[PDB]
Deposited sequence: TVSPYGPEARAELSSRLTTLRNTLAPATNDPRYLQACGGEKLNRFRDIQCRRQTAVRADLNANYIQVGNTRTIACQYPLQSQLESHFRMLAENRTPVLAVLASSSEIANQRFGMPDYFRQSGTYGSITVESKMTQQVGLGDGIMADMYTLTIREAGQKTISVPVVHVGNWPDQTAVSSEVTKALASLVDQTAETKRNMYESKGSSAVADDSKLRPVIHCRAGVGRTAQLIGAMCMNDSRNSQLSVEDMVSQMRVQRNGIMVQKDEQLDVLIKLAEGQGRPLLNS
């Protein structure tokens, strides 16, 4: 009876599970971006990049549109992908880069997660200057550390990108619906202030997209993108089924990895009177 009761939830999981299963990548899957002769592309072998929406041939990153909300979801860039990663950021005039990987993950060198935004560096012909800005508490002890990345390259227009780094959102978990809302708000506001700057100077659908990544770019990243989607007034009536199905067909079947992460999107939906299932 209740649109958010056990039966609705079970039906939703059922549909999404079949989707994840059928979206699993086969070897040399035509639906997924393939690596360039030996060079490692995917941080995680089974977490691939939908070819049709791929942003760059050498990155595991996808253009994503949930309803009307446009973003870019990617994996934490590998050491070898940094220059291409920075080029994507600059070419997109990235209004905000949201990093949900924890300080502990990036610090552990066994994870091969380069500390590319908290310190300056040079990658290929690109030089990056990192500058610390404000710190915003999101609730429940979760903290957002802000930065600005100035990307310089000979002959290219210099681009500065605001960074929102949630440094203590544990891998494989879901922060509360309340924290998720505070985060979505901060990310959206950060992006809007930047977009406004570009617009005030005289400004493309493929550009000015918020860029979000965690470790694999399918768990924490998906929870945030879903929350950002629900904060967009243009998505009235977009169901939870639609949101998740769209993220999955546009990146991979793992988008919204944990049941606890789906549960946050469901709770947020319930709070808005947003439907869970289609039909």
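No alpha-carbon coordinates exist for the deposited sequence positions 1, 205 to 208, given here in order along the chain.
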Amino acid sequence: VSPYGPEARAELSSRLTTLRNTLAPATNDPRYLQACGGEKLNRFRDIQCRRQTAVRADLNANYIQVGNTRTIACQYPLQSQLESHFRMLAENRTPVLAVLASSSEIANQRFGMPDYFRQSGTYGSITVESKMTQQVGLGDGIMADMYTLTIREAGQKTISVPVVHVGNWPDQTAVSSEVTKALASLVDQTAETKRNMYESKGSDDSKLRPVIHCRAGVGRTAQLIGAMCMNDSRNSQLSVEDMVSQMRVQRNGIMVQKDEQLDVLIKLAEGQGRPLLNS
From here on, numbers count along this sequence of modelled residues.
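Look at the C-alpha B-factors of 32 to 40 and of 233 to 241. On average they run higher in 32 to 40.
According to the PDB record, 118 to 126 carries the higher mean C-alpha B-factor of the two stretches 118 to 126 and 68 to 76. Of all the options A98, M132, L186, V161, the entry's greatest CA B-factor is assigned to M132. As recorded in the entry, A26 carries the highest CA temperature factor of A26, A216, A222, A54. Per-chain ranking of the deposited C-alpha B factor places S14 in the highest third. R152: CA B factor lies in the middle third for its chain, per the PDB record. The deposited CA B-factor of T94 belongs to the lowest third of values across its chain. In the deposited entry, the Cα temperature factor of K207 sits in the top third of values across the chain's modelled residues.
Sort the modelled residues of the chain by CA B factor and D263 lands in the middle third.
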